[PDB]
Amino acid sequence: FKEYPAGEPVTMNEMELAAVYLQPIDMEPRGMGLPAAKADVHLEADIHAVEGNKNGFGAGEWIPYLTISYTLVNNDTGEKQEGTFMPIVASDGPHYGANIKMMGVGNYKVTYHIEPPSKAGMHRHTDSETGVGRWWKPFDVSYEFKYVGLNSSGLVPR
């Protein structure tokens, strides 16, 4: 299952945030996201702390409890799609993502709208000895990538 980068990684709020896509992936449970057979790609957000993180995460650690929605735009046509990622585990670890129905060939921009763990129920110590400070404000990161589809082998045509 071949992975393709979407744009360039960005470092923001002491996290590294990358976007990747691959062929649609069957997931359990069912009912929240689009089924694989009804999608064109599986789109992911890879998000991990970097050194100096002030919210309690060590370098390289996954950031859990994020709420992440996406705005996908095919800039060739102007077509826009809104959706929301789920937290997902795979053999190479936890991430966020969704199966997506794409909008044809084009130069795309995808924006990930990211809310901090407080919005999904994660609390924080506030004592002087073990406390951490307030969360960063919800923020956006965007990726620009050229999309032509994936073929029956799950590969980008050459």
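One rule holds for the numbers: they count along the sequence shown, beginning at 1.
Set 55 to 63 against 127 to 135 and average the Cα temperature factors; 127 to 135 ends up higher. The mean Cα B-factor in the deposited entry runs higher for 25 to 33 than for the other of 25 to 33 and 87 to 95.
Per the deposited record, the Cα B-factor of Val141 falls in the middle third when ranked against the other modelled residues of its chain. Annotation for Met12: CA B-factor lies in the highest third of the chain's modelled residues. Per the PDB record, residue ranking by Cα B-factor puts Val50 in the highest third of the chain.
The deposited CA B-factor of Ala18 belongs to the lowest third of values across its chain.
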